[PDB]
Amino acid sequence: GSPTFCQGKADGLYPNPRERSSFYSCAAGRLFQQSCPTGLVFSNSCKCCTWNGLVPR
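Residue 1 is where the sequence shown starts when you use the deposited numbering, and the numbers rise one by one after that.
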């Protein structure tokens, strides 16, 4: 059948299965797969991507 991955889903970002810093994004039930390239990391708590503020060095 047709893919149901974003069907009925609310908007916002969802976690990716393989790459280091890409995400899934849902907009009006349509799926986008995009990257967060520079300093940006995905946060599962906000369904958003944000700049990393923690330096462990």
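By construction, the Cβ of each residue, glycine as well, lies at the ideal position given by its N, Cα and C atoms.
Based on Cα-Cα distance, which residue from the options lies nearest to residue i?
i, options, result
"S45", "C26, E19, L13, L54", "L13"
"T38", "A10, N52, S2, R18", "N52"
"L31", "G1, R57, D11", "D11"
On the DSSP bridge list, what partners appear for residue i?
i, result
"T50", "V41"
So residue i and residue j are in contact, right, with Cβ under 8 Å, and what is the actual spacing, rounded?
i, j, result
"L40", "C26", "About 18 Å; that fails the 8 Å criterion."
Less than 8 Å between CB atoms is the rule here; does residue i satisfy it with respect to chain D?
i, result
"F42", "Absent from the structure: chain D. Only one protein chain is present."
Would residue i and residue j qualify as a contact pair, given that the criterion is a beta-carbon distance under 8 Å?
i, j, result
"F23", "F5", "no"
"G8", "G29", "yes"
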